[PDB]
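The next block holds one structure in the form of structure tokens; read it before the comments.
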Ligand SMILES: Nc1nc2c(ncn2[C@@H]2O[C@H](COP(=O)(O)OP(=O)(O)NP(=O)(O)O)[C@@H](O)[C@H]2O)c(=O)[nH]1
């Protein structure tokens, strides 16, 4: 039961940051979601066919570019290849230089069939939740 999770997105959004947090390259760690264990391997790929159990697409809420690159990715993913996709708006802490609102993320995931969450790698906020929902989401689509 080793779920393989791919970390995708535009440059500088905070991918390597999210991987590192979650697993103290490729990142290993087992977690408990709903009474049930779970062994995630997280691939910070921008640091192989495509053998992914889930995709996390990260954008920064301070970078509209990264955000619209994310939709573009989401559509690509869907045309090419099923596997669950999680849409992540990282950097929720930079309240000031924010370019994408929460609602824009949610009301764009829902329509393009992603799980949405905002994280802040800098404040270890929702990084836990993110990788928990990744596990849950792989289970929702057996
Ligand atoms: N304030 C804040 N800064 C963040 C957050 N996450 C990442 N950063 C910062 O943004 C920069 C890019 O982080 P990084 O994780 O390297 O992004 P990346 O997506 O891996 N870049 P690359 O694709 O080049 O590997 C770093 O300076 C990092 O500290 C966050 O949640 N909040």
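What you see of chain A is 90-113, 125-147, 158-191, 195-255, where the numbers are those given in Swiss-Prot.
How was it done? The header gives X-ray crystallography, 2.5 Å.
Heads up, the Cβ atoms here are built off N, Cα and C, so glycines get one too.
Feature list (source: Swiss-Prot):
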BINDING   98, 99, 100, 101, 102, 103, 104, 105, 203, 204, 205, 206  GTP binding site
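For the segment bounded by residue 191 and residue 195, where 3 residues are absent from the model, the Cα separation is 8 Å. On its own chain, residue 203 (GTP binding site) has 102, 103, 106, 107, 168, 169, 170, 171, 231, 232, 233, 234 as residues at least 6 apart in sequence with a Cβ closer than 8 Å to its own Cβ. Compared over the binding-site residues 98, 100, 102, 104, 205, the count of CB atoms lying within 10 A of a residue's CB peaks at 102. Across the 10-residue gap left unmodelled in the deposited entry, the distance from the Cα of residue 147 to the Cα of residue 158 comes to 13 Å. With 11 residues unmodelled in between, residue 113 and residue 125 have Cα atoms 12 angstrom apart.
Across the residues the record lists as binding GTP (98, 99, 100, 101, 102, 103, 104, 105, 203, 204, 205, 206), the two Cα atoms farthest apart are 19 Å from each other.
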